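Shown next: data-v9.pdb, given as PDB, N, CA and C atoms.
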ATOM      1  N   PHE I   1    -110.561 239.946 -37.498  1.00  0.00           N
ATOM      2  CA  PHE I   1    -109.561 239.447 -36.571  1.00  0.00           C
ATOM      3  C   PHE I   1    -109.762 240.039 -35.175  1.00  0.00           C
ATOM      4  N   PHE I   2    -109.032 239.483 -34.220  1.00  0.00           N
ATOM      5  CA  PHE I   2    -109.121 239.945 -32.845  1.00  0.00           C
ATOM      6  C   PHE I   2    -107.742 239.967 -32.183  1.00  0.00           C
ATOM      7  N   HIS I   3    -106.869 240.797 -32.738  1.00  0.00           N
ATOM      8  CA  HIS I   3    -105.519 240.923 -32.214  1.00  0.00           C
ATOM      9  C   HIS I   3    -105.373 242.263 -31.489  1.00  0.00           C
ATOM     10  N   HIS I   4    -105.627 243.330 -32.230  1.00  0.00           N
ATOM     11  CA  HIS I   4    -105.528 244.669 -31.672  1.00  0.00           C
ATOM     12  C   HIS I   4    -106.893 245.355 -31.739  1.00  0.00           C
ATOM     13  N   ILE I   5    -107.906 244.634 -31.280  1.00  0.00           N
ATOM     14  CA  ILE I   5    -109.259 245.159 -31.282  1.00  0.00           C
ATOM     15  C   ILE I   5    -109.632 245.602 -29.865  1.00  0.00           C
ATOM     16  N   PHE I   6    -108.887 245.081 -28.902  1.00  0.00           N
ATOM     17  CA  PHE I   6    -109.127 245.413 -27.509  1.00  0.00           C
ATOM     18  C   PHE I   6    -108.224 246.561 -27.054  1.00  0.00           C
ATOM     19  N   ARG I   7    -107.338 246.967 -27.953  1.00  0.00           N
ATOM     20  CA  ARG I   7    -106.415 248.048 -27.659  1.00  0.00           C
ATOM     21  C   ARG I   7    -107.094 249.400 -27.882  1.00  0.00           C
ATOM     22  N   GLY I   8    -108.034 249.408 -28.817  1.00  0.00           N
ATOM     23  CA  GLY I   8    -108.762 250.624 -29.135  1.00  0.00           C
ATOM     24  C   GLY I   8    -110.022 250.749 -28.277  1.00  0.00           C
ATOM     25  N   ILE I   9    -110.411 249.628 -27.686  1.00  0.00           N
ATOM     26  CA  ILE I   9    -111.592 249.600 -26.840  1.00  0.00           C
ATOM     27  C   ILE I   9    -111.214 250.054 -25.429  1.00  0.00           C
ATOM     28  N   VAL I  10    -109.979 250.515 -25.300  1.00  0.00           N
ATOM     29  CA  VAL I  10    -109.483 250.980 -24.017  1.00  0.00           C
ATOM     30  C   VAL I  10    -109.960 252.415 -23.782  1.00  0.00           C
ATOM     31  N   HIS I  11    -109.753 253.247 -24.792  1.00  0.00           N
ATOM     32  CA  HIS I  11    -110.155 254.640 -24.709  1.00  0.00           C
ATOM     33  C   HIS I  11    -111.683 254.735 -24.690  1.00  0.00           C
ATOM     34  N   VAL I  12    -112.309 253.801 -25.391  1.00  0.00           N
ATOM     35  CA  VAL I  12    -113.760 253.766 -25.463  1.00  0.00           C
ATOM     36  C   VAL I  12    -114.325 253.359 -24.101  1.00  0.00           C
ATOM     37  N   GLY I  13    -114.030 252.124 -23.718  1.00  0.00           N
ATOM     38  CA  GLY I  13    -114.500 251.603 -22.447  1.00  0.00           C
ATOM     39  C   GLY I  13    -114.272 252.614 -21.321  1.00  0.00           C
ATOM     40  N   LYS I  14    -113.113 253.256 -21.370  1.00  0.00           N
ATOM     41  CA  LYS I  14    -112.763 254.246 -20.366  1.00  0.00           C
ATOM     42  C   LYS I  14    -113.691 255.454 -20.501  1.00  0.00           C
ATOM     43  N   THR I  15    -114.026 255.767 -21.743  1.00  0.00           N
ATOM     44  CA  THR I  15    -114.902 256.892 -22.022  1.00  0.00           C
ATOM     45  C   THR I  15    -116.242 256.714 -21.306  1.00  0.00           C
ATOM     46  N   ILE I  16    -116.916 255.624 -21.641  1.00  0.00           N
ATOM     47  CA  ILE I  16    -118.205 255.327 -21.040  1.00  0.00           C
ATOM     48  C   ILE I  16    -118.090 255.435 -19.518  1.00  0.00           C
ATOM     49  N   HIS I  17    -117.166 254.659 -18.969  1.00  0.00           N
ATOM     50  CA  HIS I  17    -116.947 254.660 -17.532  1.00  0.00           C
ATOM     51  C   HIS I  17    -116.634 256.081 -17.060  1.00  0.00           C
ATOM     52  N   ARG I  18    -116.259 256.918 -18.017  1.00  0.00           N
ATOM     53  CA  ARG I  18    -115.931 258.301 -17.714  1.00  0.00           C
ATOM     54  C   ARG I  18    -117.204 259.146 -17.641  1.00  0.00           C
ATOM     55  N   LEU I  19    -118.226 258.681 -18.346  1.00  0.00           N
ATOM     56  CA  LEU I  19    -119.499 259.379 -18.369  1.00  0.00           C
ATOM     57  C   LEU I  19    -120.571 258.499 -17.725  1.00  0.00           C
ATOM     58  N   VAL I  20    -120.123 257.374 -17.188  1.00  0.00           N
ATOM     59  CA  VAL I  20    -121.030 256.440 -16.541  1.00  0.00           C
ATOM     60  C   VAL I  20    -121.883 257.190 -15.516  1.00  0.00           C
ATOM     61  N   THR I  21    -121.197 257.856 -14.598  1.00  0.00           N
ATOM     62  CA  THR I  21    -121.876 258.613 -13.561  1.00  0.00           C
ATOM     63  C   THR I  21    -122.560 259.844 -14.160  1.00  0.00           C
ATOM     64  N   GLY I  22    -122.484 259.939 -15.479  1.00  0.00           N
ATOM     65  CA  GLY I  22    -123.090 261.056 -16.185  1.00  0.00           C
ATOM     66  C   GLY I  22    -124.550 260.758 -16.534  1.00  0.00           C
TER      67      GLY I  22
END
Go ahead and express the file in the form of structure tokens.
Amino acid sequence: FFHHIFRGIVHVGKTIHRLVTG
């Protein structure tokens, strides 16, 4: 399903972008 799959990809996506400049 794809209901609350983008809610957990928030901390993730943010993570990468958090280490992007890393």
Self-check item: Residues of chain I in helix (DSSP H, G or I), written as a PyMOL selection string
Solution: chain I and resi 9-19
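What separates atom C of residue 21 (chain I) from CA of residue 4 (chain I) is a distance of 28.8 Å.
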Quiz item: Between CA of residue 18 (chain I) and CA of residue 1 (chain I), what is the distance, to one decimal in Å?
Solution: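 Here the two named atoms are 27.4 Å from each other.
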Practice problem: Quote the spacing between CA of residue 6 (chain I) and atom N of residue 22 (chain I) in Å to one decimal place. | Solution: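 The value is 23.1 Å.
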